[PDB]
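Contents: one structure, followed by commentary.
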Amino acid sequence: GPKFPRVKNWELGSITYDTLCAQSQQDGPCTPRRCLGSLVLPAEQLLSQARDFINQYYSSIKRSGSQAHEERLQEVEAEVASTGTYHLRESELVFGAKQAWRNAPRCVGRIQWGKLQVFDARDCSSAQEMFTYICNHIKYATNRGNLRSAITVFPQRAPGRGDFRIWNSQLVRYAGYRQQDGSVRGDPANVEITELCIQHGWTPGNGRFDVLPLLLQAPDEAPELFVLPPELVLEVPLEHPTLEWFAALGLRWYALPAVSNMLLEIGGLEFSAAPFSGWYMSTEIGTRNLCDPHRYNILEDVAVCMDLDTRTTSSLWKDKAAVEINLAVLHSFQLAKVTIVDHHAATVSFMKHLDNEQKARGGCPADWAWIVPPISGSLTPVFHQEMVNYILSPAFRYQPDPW
Amino acid sequence: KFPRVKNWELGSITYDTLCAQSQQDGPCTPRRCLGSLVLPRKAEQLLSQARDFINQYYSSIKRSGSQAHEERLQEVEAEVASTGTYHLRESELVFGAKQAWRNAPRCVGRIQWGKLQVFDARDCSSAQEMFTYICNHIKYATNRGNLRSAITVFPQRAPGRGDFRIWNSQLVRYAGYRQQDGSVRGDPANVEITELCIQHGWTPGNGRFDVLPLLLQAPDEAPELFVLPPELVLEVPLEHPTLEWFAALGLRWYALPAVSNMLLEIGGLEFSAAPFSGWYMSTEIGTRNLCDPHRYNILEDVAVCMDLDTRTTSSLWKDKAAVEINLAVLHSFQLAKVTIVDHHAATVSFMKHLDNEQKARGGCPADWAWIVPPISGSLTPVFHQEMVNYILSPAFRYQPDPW
Ligand code: HEM
Ligand code: HEM
Ligand SMILES: Cc1cc(N)nc(CCc2cc(N)cc(CCc3cc(C)cc(N)n3)c2)c1
Ligand SMILES: Cc1cc(N)nc(CCc2cc(N)cc(CCc3cc(C)cc(N)n3)c2)c1
Ligand SMILES: C[C@H](O)[C@H](O)[C@H]1CNc2nc(N)[nH]c(=O)c2N1
Ligand SMILES: C[C@H](O)[C@H](O)[C@H]1CNc2nc(N)[nH]c(=O)c2N1
Ligand SMILES: [Zn+2]
């Protein structure tokens, strides 16, 4: 066959050849000797990255080689020459931002990539203004439960000058209080960050679901702390359809999944503060956040209520419970009329996504372990899809925690 | 150079130093990760792969440098020098067999790698004799239901001649009969193989669980059809603790998972027929075999007996039903007194295996996407554990289909 990787679907029996990977300008962790695919974390150089993105842009508008294409090129090196950086045009930001989401090997919601609201915030001057900008994002994106994908782009990393940073990892997060015995009250994922807000004068609450304040950082200034108006932070009380007691557990989650600690890289430019929001997939809440032994860990609690034999694994008690918990998440979101998507619908649309991208780009970089859901793995069609994972740009990046 | 493997549940960290002993290549390159591909589209070497294997053995029994070691190495040099190949001593073979399993990155059951009965069938000359071995291996491994891991090793490949092969992928397989309706009564995975048997003379039944005969091949001979005496094959009808209608589904599965299509490499000699068997981990039966859309596919049926809401995905009927089916399997096997391990027990013992091998060898190759079971991934400790994949020798390979 062809000299690009072959890509079977073992359910349908279909084949495809990924030609997109040939565009990757970035090494990953794997080598012919060993595969590190399962690891979570893995000047002139600018000019040529910049040139690259511009060609992408111009091709995306079908003008590859034309007078405006080669003038914008002339223009970009003119800027770099005399300053070391350069700036994106309004629509260039829009394209590159969409291109980063499109390129994200670990997101399963990519079928939605074309529809995303790019909120330009490169005019932002202070931590106060950051907050305001953000409050607007949450309001738009949340849209009273009929959610809408968006990203707010704050300004970009500069030579020897501070970064714009959101200290929190998500915009909405529950507190995590280290107890004087050893336990954690709240979300254990958010211990450190809780511990940092108090250190910067936050008065902590008491409960399993205390919404955290925002730690925003303007360049060179210390981080300023900001409390989200409660009316802004839409939450969903959880309850089971048929199990009447579930509602009494006092469990809950928030509507807006919005990542705030990732780096948005476009054509060499680095946007250190550019939080994006979508909507949740049922399992993120119900299988990861609530049942991970290192998170809310509510599996044993709920199985006791369901009255299952937890003295032995053969009872598949863990399984059973997880399913009801997931279902409680779905029903409860649907009932409160807030956008959500179960793992079956989500994966079925990712299949359509992969088919769409084959036609258009000749490939789609996918992180299999990440695309396949944390329950009911082989029941979703993606589990039977072989997947190439490589790094394309524009991209999102992990970046060091600022403190 | 040496990779940092993390567990995210516990925050614990290791470094893998074992991967440096890998001499073979994998699919990944630094440009793109192919870890998810199921299979790989892929006088002097033998001398060095032997020396280095023989080295392992003597090092493994503490006599590394001794009389017997020195003198065995010269046995090999002399045997390859005159014959272009050499032969293994039975102990040496027993060692290799145990090791190749130990190295199988996609095997979750490797906690047991030390406990393996090894049948030396290297003095086989007829498909007749093969069938006696195969029959005897089964009678041993099954043990009235108290299963015991085994491998039986037919003659090594040789350059002047064709291989000893078993045509079946497993020693026990249900026939999949094709039908005018574009339908498949029986197991869809065994359609091609059922048709071969027919072509080769066997009378077919027309049940959903018709145990297939064996097609055995001595070098350069036409394959031959041997039937397994019904009694040797242990089956388990499936019932369900709570639900009485389940058994009336007439579902059933066989006790012994025994792979017969793979090749065993040791000291660079190739063992083309070398079946091996252990015991089932329940998900293989209740999830993949019984619910794969391209297999027996009972998910809809079952669910409809359960009177669930098939009409939409968000009722989580696919998951709900999957679980009952997995549960049905465990109960049935525990009831019929037949070795089985559920995904919870197993992955736990594998986490122990990782730890044992960590101290013993400084690592352990593992294929994350095959170790994490096909339901309730995140609910098993493996999900949260980083894993390095690489090719250690002795090893099982895939090989072409003989026909
Ligand atoms: C529209 C609804 C969306 C859904 C249902 C969705 C789904 C998901 C899920 C389930 C994950 C795995 C996260 C985890 O389990 O830890 C993920 C990862 C990711 N998604 Fe989305 N996503 C959506 C929207 C978005 C949007 C709007 C963006 C960017 C604007 C985005 C970019 C990403 C990125 C960069 C990752 C990988 C981040 C990481 O490495 O932690 N997704 N997606
Ligand atoms: C003893 C109890 C055992 C258990 C519970 C077990 C479990 C498993 C499971 C669940 C798989 C995944 C295969 C799939 O779902 O398609 C697997 C793969 C594998 N196991 Fe085991 N195993 C056991 C014993 C053995 C033995 C005795 C051997 C060899 C002597 C072995 C070697 C392998 C190999 C080579 C694979 C890869 C299969 C392939 O690539 O097609 N295991 N094991
Ligand atoms: C701190 C940290 C570092 C790291 N390397 N990995 C993790 C776990 C993965 C993860 C990380 C973040 N920051 C956000 C999500 C929500 C995922 C999400 C985002 C969007 C936009 C929509 C959606 N449905 N889900 C998931 C955390
Ligand atoms: C035909 C074929 C080719 C190919 N490349 N891949 C597959 C799927 C993987 C598979 C193949 C076979 N032959 C047997 C099992 C049972 C796995 C098993 C083995 C043992 C020894 C114990 C156990 N519990 N489970 C799994 C099938
Ligand atoms: C395409 C995908 O990698 C493939 O379906 C894998 C996934 N994980 C698996 N895990 C096991 N144990 N066995 C399998 O056959 C598979 N199939
Ligand atoms: C080690 C392993 O890769 C890790 O546990 C991954 C598995 N898949 C995941 N998938 C998602 N979406 N999020 C995660 O945190 C993880 N964890
Ligand atoms: Zn890889």
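A compact table of results
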item: Phi to ³J(HN,Hα) by Karplus 6.51 cos²θ - 1.76 cosθ + 1.60 over the stretch B:198-203, Hz, x for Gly, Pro; result: 4, 3, 7, x, 5, 7
item: Chymotrypsin sites (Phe, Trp or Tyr not before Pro) within the stretch B:119-201, DSSP loop, no more than 13 other Cβ atoms inside 10 Å; result: none
item: Exposure proxy ranking, count of Cβ atoms within 10 Å, fewest first, for A:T85, A:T380, B:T313; result: A:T85, B:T313, A:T380
item: If the convex hull is drawn through the Cα atoms of the stretch A:322-366, its volume per residue in Å³; result: 80 Å³
item: q = 0.09 Å⁻¹, chain A: log10 I(q)/I(0) [Debye, one scatterer per Cα]; result: -0.61
item: Qualifying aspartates and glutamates (Cα of each under 12 Å from Cα of B:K337; at least 8 residues distant if same chain); result: B:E235
item: Relative contact order (%) - the stretch A:247-288, alpha-carbon pairs under 8 angstrom, separation at least six; result: 36 percent
item: For B:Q170, residues with placed amide H under 5 Å, excluding near neighbours; result: B:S260
item: With eigenvalues of the C-alpha gyration tensor scaled by 5 and rooted, the stretch B:252-394, Å; result: 32, 19, 15
item: Diffusion constant of the stretch B:208-320 at 4 °C, which comes from Stokes-Einstein with the Kirkwood Cα-pair radius and 1.567 mPa s, µm²/s; result: 74 µm²/s
item: Karplus (6.51, -1.76, 1.60) ³J(HN,Hα), θ = phi - 60°, over the stretch B:384-393, in Hz, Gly and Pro reported as x; result: 8, 9, 5, 9, 9, 10, 6, 9, 9, 10
item: Rounded to the nearest 20 debye, dipole of the protein assembly as shown from Cβ charges on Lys, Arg, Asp, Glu; result: 380 debye
item: Unit charges at the beta carbon, dipole of the protein assembly as shown: most positive-side option, B:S277, A:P5, A:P230; result: A:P5
item: At most 12 other Cβ within 10 Å, DSSP loop - trypsin sites (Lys or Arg not before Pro), the stretch A:299-352; result: A:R311, A:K337
item: Net charge of neighbours whose Cβ lies under 11 Å from the Cβ of A:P5, counting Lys and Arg as +1 and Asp and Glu as -1; result: +4
item: Largest-first principal axis extents, alpha carbons of the stretch A:288-371, Å; result: 52, 32, 21
item: Segment B:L308-B:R252, extension gain: residue separation times 0.36 nm, minus the distance between their alpha carbons; result: 17.8 nm
item: Global form of the protein assembly as shown, assessed from the alpha-carbon gyration tensor, a/c cut-off 1.5; result: prolate
item: Residue exposure sequence - A:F226, A:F246 - by fewest surrounding Cβ within 10 Å; result: A:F226, A:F246
item: Surrounding net charge for A:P219, when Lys and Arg each add one and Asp and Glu each subtract one, Cβ distance under 12 Å; result: 0
item: Estimated translational D of the stretch A:350-403 in µm²/s (Stokes, Kirkwood radius over Cα pairs; 20 °C; 1.002 mPa s); result: 164 µm²/s
item: GluC sites (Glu not before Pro) lying in DSSP loop within the stretch A:213-289, provided at most 14 other Cβ fall within 10 Å; result: A:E221, A:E244
item: Among B:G250, B:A100, B:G186 the positive-end extreme of the charge dipole of chain B (Cβ point charges); result: B:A100
item: Calculated FRET efficiency for the pair B:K139/B:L225, C-beta based, R₀ 25 Å, to 0.05; result: 0.80
item: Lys, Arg +1 and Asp, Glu -1 on Cβ, resulting dipole of chain B about Cα centre, debye, nearest 20; result: 980 debye
item: Three-way shape call for the stretch B:93-173 based on the alpha-carbon gyration tensor, with the a/c threshold at 1.5; result: oblate
item: Cα centre as origin, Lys/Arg/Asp/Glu Cβ charges: the stretch B:116-217 dipole, Debye; result: 240 debye
item: Karplus 3J(HN,Hα) series, Hz, for the stretch A:92-102 with 6.51 cos²θ - 1.76 cosθ + 1.60 (x for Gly, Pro); result: 4, 4, 4, 5, x, 5, 5, 6, 5, 5, 4
item: Fully extended contour minus Cα-Cα distance, from A:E77 to A:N297, at 0.36 nm per residue; result: 73.9 nm
item: Around A:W202: net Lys/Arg minus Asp/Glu count, Cβ-Cβ under 11 Å; result: -2
item: Charge dipole (the stretch A:43-123, unit charges on Cβ, about Cα centre) - positive-most of A:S91, A:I111, A:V76; result: A:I111
item: Over the stretch A:1-107: Rg over Rh, Cα atoms, Kirkwood Rh; result: 1.06
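Bear in mind that the values in this text are calculations on the coordinates, not laboratory data. Note: ideal-geometry Cβ built from the backbone for every residue, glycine included; neighbour counts use all protein chains shown.
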